[PDB]
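Undergrad: Partial complex here, more coming in a sec:
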Amino acid sequence: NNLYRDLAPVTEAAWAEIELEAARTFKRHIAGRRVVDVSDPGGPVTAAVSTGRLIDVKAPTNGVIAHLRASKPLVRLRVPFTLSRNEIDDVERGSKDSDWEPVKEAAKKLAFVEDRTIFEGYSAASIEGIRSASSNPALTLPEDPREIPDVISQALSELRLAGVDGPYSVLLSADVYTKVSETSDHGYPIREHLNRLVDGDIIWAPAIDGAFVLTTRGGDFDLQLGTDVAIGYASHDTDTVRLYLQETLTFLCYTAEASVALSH
């Protein structure tokens, strides 16, 4: 296929450790797929997702009414990374500490771009994120982290006022997640106060800004995958192998009132 993995000077044993480090780092830093509906991958051919809507377009002849079918394009996101060939060759010799730091940086970079796309949008790919598509009022996060469980309760009130009924999850940015993990009250971290407000999870979301409170009842948020994360080969020289991680996706939000966005 287009990955051209068989052309890489990378052993089968070294691929297994690269695949492990990429999958483990990506899953650690992905927060969007824990709350959105993730489709089955459509394959390499699929290029657009039908929205079912119509666009008025000028008729080619009188007596004819013409409409373009509306769709959302998929975006191919590629993160290159460079591995040392000495570190690759050490794997068959029995090394357990080969430097897969460029794999982990690329998986963290690809996980951030996917979560920035879902929550903050990526407008060049015609992706309105959850923050922009939310019709609930955007709340402000207080600087005192002990006041955060009040504002999360205010976000849960807006979802209750909007009429949505599902288990709620709270996604926190890396700064806010740290701040509620390290600040205590009544002998409990603030993050444990937040656990008891919601039936879903308090989710570490290191890509996003601020916070999000949303329902995970299903059918509101759609991550449409063309192809999921794959590792491909670009080139190599004597010392290095140029690889990449890539995935093809788009994100669709169908319910504007299913989420509350929070920021500073």
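TA: Done, it's in. Numbering: from 1, shown residues only, chains lettered A, B, ... in the order given.

Undergrad: Is residue A:180 in contact with residue A:148, as I believe?
TA: Yes: counting by CB atoms under 8 Å, residue A:180 sits close enough to residue A:148 to count as a contact (5.8 Å). Heads up, the C-betas are built off the backbone N, CA and C, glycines and all.

Undergrad: Could you name every residue contacting both of the two?
TA: Among the neighbours of residue A:180, those also in contact with residue A:148 (CB atoms under 8 Å, 6 or more residues apart in numbering) are A:190, A:194.

Undergrad: Mind telling me what element residue A:222 is part of?
TA: Counting by DSSP states H and E, the element that carries residue A:222 is strand A:221-236.

Undergrad: Check which residues of the very next helix or strand once past that strand are buried.
TA: Using DSSP H and E, the helix or strand that follows strand A:221-236 towards the C-terminus is strand A:240-253. Taking 16 or more other CB atoms under 10 Å as the basis for neighbour counts, the residues of strand A:240-253 that come out buried are A:240-241, A:243-253.

Undergrad: Name the residues of the following helix or strand past strand A:240-253 that come out as buried.
TA: Once strand A:240-253 ends, the next helix or strand along the chain (criterion: DSSP H and E) is strand A:259-263. Residues of strand A:259-263 classed as buried by neighbour count (16+ other CB under 10 Å): A:259-262.

Undergrad: Tell me which stretches of the stretch 1-150 of chain A form strands.
TA: Assigned by DSSP state E, counting those that start in this stretch, the strands in the stretch 1-150 of chain A fall at A:37-38, A:48-56, A:67-73, A:75-84, A:139-140.

Undergrad: Could you dump the ones you listed into JSON lines with mean neighbour count and distance to residue A:215 added?
TA: Shown next, in JSON lines, are these (neighbours: other CB atoms under 10 Å; distance: least, CB to CB, whole Å):
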{"stretch": "strand A:37-38", "mean neighbour count": "16", "distance to residue A:215": "12"}
{"stretch": "strand A:48-56", "mean neighbour count": "12", "distance to residue A:215": "22"}
{"stretch": "strand A:67-73", "mean neighbour count": "13", "distance to residue A:215": "22"}
{"stretch": "strand A:75-84", "mean neighbour count": "18", "distance to residue A:215": "26"}
{"stretch": "strand A:139-140", "mean neighbour count": "14", "distance to residue A:215": "16"}
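
Undergrad: okay, chain B goes in next:
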Amino acid sequence: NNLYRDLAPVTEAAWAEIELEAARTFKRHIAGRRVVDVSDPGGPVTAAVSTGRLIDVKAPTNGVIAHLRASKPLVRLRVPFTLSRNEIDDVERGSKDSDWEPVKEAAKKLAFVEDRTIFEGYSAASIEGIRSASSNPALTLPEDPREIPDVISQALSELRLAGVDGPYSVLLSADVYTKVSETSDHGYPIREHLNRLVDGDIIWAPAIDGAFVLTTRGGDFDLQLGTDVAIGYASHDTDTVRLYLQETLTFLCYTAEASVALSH
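TA: Placing chain B onto the earlier chains gives this:
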């Protein structure tokens, strides 16, 4: 074998009580084997652990490229102890309080050396401990023990920032473990506050200095055993038997970001 146990003036009943006291005291004072991967014992022959790496070495002839295979030597750690022969002979007569205090001191001594080796290093045996091999920033322990769950939360933040994903355990030195056990807050000991920060265990580590927070996801810390703890015979006279405890091991840390070291 080399233990020469059959030459000892030690009865079978007395061996069973010596083996029991040594195993119970060693397991009580070992903290490293609760968090590191412990290999199967390689046997008495094994002398080195391959690191899989290569060392540049001068070629014997031009047109030849030579590399030494790198490895880590195992270290044989022996702790002698002396038992009274009157206490040994009392066992067959039905004594239940024979003085196995030199067994317990030797097992505690051998357990401390193993845990100092894993965590603080033993540089003459080319063993970089967990504290020296950690790439996360070293935190300072506060003198007020009620402020310890904040600094443990700061250590958990560094591991979350490093990207590692497993159940975290906290290893406390004997001074710190006592101080968080004897200080209370909200009607709970500080050690119980620490239990609720982590999904792993709060571990009494009487050999180490300060504290350690690390993941136990697996594959990061490797205790390679040549031979595990065995009791051997050295010599005897009319009144005493000279014995020893010994084990052959080395320790390897493969993941620098899998641990946070804490000290005063």
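
Undergrad: re earlier: which elements pack onto the strand holding residue A:222?
TA: Using 3 or more CB pairs under 8 Å, 6 or more residues apart in numbering or on different chains; DSSP states H and E as the contact criterion, the secondary-structure elements in contact with strand A:221-236 are helix A:12-29, strand A:37-38, helix A:101-120, strand A:240-253.

Undergrad: closest one to chain B among those?
TA: Checking the helices and strands packed on strand A:221-236 against chain B by CB to the nearest CB gives helix A:12-29 as the closest, at 4.6 Å.

Undergrad: Just give the closest residue to the residue in chain A that chain B sits nearest to, not the sequence neighbours.
TA: Checking chain A residue by residue against chain B with CB to the nearest CB singles out residue A:95 as nearest, at 3.0 Å. For residue A:95, the nearest residue in space outside its immediate sequence neighbours is residue B:52; the separation is 3.0 Å by CB to CB, 6 or more residues apart in numbering or on different chains.

Undergrad: residue contacts, the spatially most central residue of chain A?
TA: Nearest to the mean C-alpha position of chain A, counting by CA atoms, centre = their mean, stands residue A:115 at 2.8 Å. For residue A:115, the residues meeting the contact criterion (CB atoms under 8 Å, 6 or more residues apart in numbering or on different chains) are A:29-32, A:205-208.

Undergrad: ok, residue A:257 - how many residues close by?
TA: Burial of residue A:257, expressed as a neighbour count using other CB atoms under 10 Å in any protein chain shown, amounts to 16.

Undergrad: Got the phi and psi for it?
TA: Backbone dihedrals for residue A:257, given as degrees, to the nearest 10, come out at phi -100, psi 10.

Undergrad: My guess is it contacts residue A:165. True?
TA: No: proximity of residue A:257 to residue A:165 does not meet the contact threshold set by CB under 8 Å, at 11.6 Å.

Undergrad: Flag every residue of the stretch 51-200 of chain A that's near chain B.
TA: Where proximity means CB under 8 Å from any CB of the partner chain, the interface of the stretch 51-200 of chain A facing chain B comprises A:86, A:90-98, A:104, A:108, A:174, A:177-178, A:181-182, A:184, A:186-189, A:192.

Undergrad: following sequence is chain C, add it:
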Amino acid sequence: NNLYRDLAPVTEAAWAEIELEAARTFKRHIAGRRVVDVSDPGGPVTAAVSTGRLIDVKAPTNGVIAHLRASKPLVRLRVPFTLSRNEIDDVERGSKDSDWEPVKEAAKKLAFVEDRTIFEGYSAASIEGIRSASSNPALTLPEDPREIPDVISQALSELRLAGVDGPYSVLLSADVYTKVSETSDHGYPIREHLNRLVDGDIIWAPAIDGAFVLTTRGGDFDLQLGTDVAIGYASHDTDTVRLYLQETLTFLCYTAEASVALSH
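TA: Adding chain C to what we have so far:
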């Protein structure tokens, strides 16, 4: 694996002729494996050979006796060679005289380095050769080749005085082997006089200096192989393919009195 043979622009038919020329030239120029015990290859992981001995090392704590396990490192010996791609491509077209001269030079180079290592030592790899480890007195080779069977008989006397009992082989350097092959006495070459002194073989050893007389009773000389001779791929351009021969080994001599070294 690390050889990356599938990336080479070398046909299956051309590999078969390269493998044949490398194996035939290596076996022609190897003399050490005819007299030493050659182990089964330990695999790519193995990095050291246990000597079973102990090294005094400073104890980490009082009351503890520490010893490092001693071992001998394996050395990876690589000989690069460059083949013409026109000569490679001629093989499928039915050529029988493709220039495998760089293969034969590399196999001769790798065979010499292995035999210099066994007999003359390679001290950077901590390999004491047979000549240095021999405790028998070193004899001098006479300039008259007709006087060589006397000095070989003197070497056989030293082995008889040392008490060793096995079939003796004589290894001659390329200069000495030529000189005893081309000089005649009583209508026989001097090499045929040497054949009748020993029950083993008179062995052409083109790598070594001088001569060696040793027993092949077994258990005295140990060639420990990690991986045996393999052909790997480095790189290629339009005109050439860069390949290499490599093997990983060390040599151990266990019996100092099992050999007599001879020189000029």
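
Undergrad: now with chain C: the buried residues of strand A:240-253?
TA: Within strand A:240-253, the residues that qualify as buried by neighbour count (16 or more other CB atoms under 10 Å in any protein chain shown) are A:240-241, A:243-253.

Undergrad: how near is the residue of chain A found nearest chain C to residue B:191?
TA: Closest residue of chain A to chain C, CB to the nearest CB: residue A:94 (3.7 Å). Relative to residue B:191, residue A:94 is positioned 40 Å away (criterion: CB to CB, to the nearest Å).

Undergrad: Same question for residue A:219.
TA: 45 Å.

Undergrad: Neighbour count: the two, which is higher?
TA: residue B:191 (23 against 11).

Undergrad: Compute the first-to-last residue distance for stretch A:166-186.
TA: 29 Å (CA to CA, to the nearest Å).

Undergrad: Run the chain-centre distance for it.
TA: Relative to the chain's own centre, stretch A:166-186 is displaced by 18 Å; criterion: CA atoms, centre = their mean, to the nearest Å.

Undergrad: Going by neighbour count, list what's buried in that stretch.
TA: Buried residues in stretch A:166-186, counting neighbours by 16+ other CB under 10 Å, are found at A:166, A:168-174, A:176-184.

Undergrad: before we move on, what about stretch A:222-234?
TA: Buried positions in stretch A:222-234, judged by neighbour count with 16+ other CB under 10 Å: A:222-227, A:229-234.

Undergrad: Same list, the buried residues of strand A:240-253, but as a markdown table with distance to residue A:48 please.
TA: Rendered in a markdown table, the data for the buried residues of strand A:240-253 read as follows (distance: CB to CB, whole Å):
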| residue | distance to residue A:48 |
| --- | --- |
| A:240 | 36 |
| A:241 | 33 |
| A:243 | 28 |
| A:244 | 23 |
| A:245 | 23 |
| A:246 | 18 |
| A:247 | 16 |
| A:248 | 11 |
| A:249 | 12 |
| A:250 | 8 |
| A:251 | 14 |
| A:252 | 12 |
| A:253 | 17 |
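
Undergrad: Quick check on residue A:197: phi, psi?
TA: The phi and psi torsions at residue A:197 (degrees, to the nearest 10) take the values phi -80, psi -30.

Undergrad: Now for it: which residues touch it?
TA: The neighbours of residue A:197, taking CB under 8 Å, 6+ apart as the test, are A:149, A:152-153, A:156, A:170.
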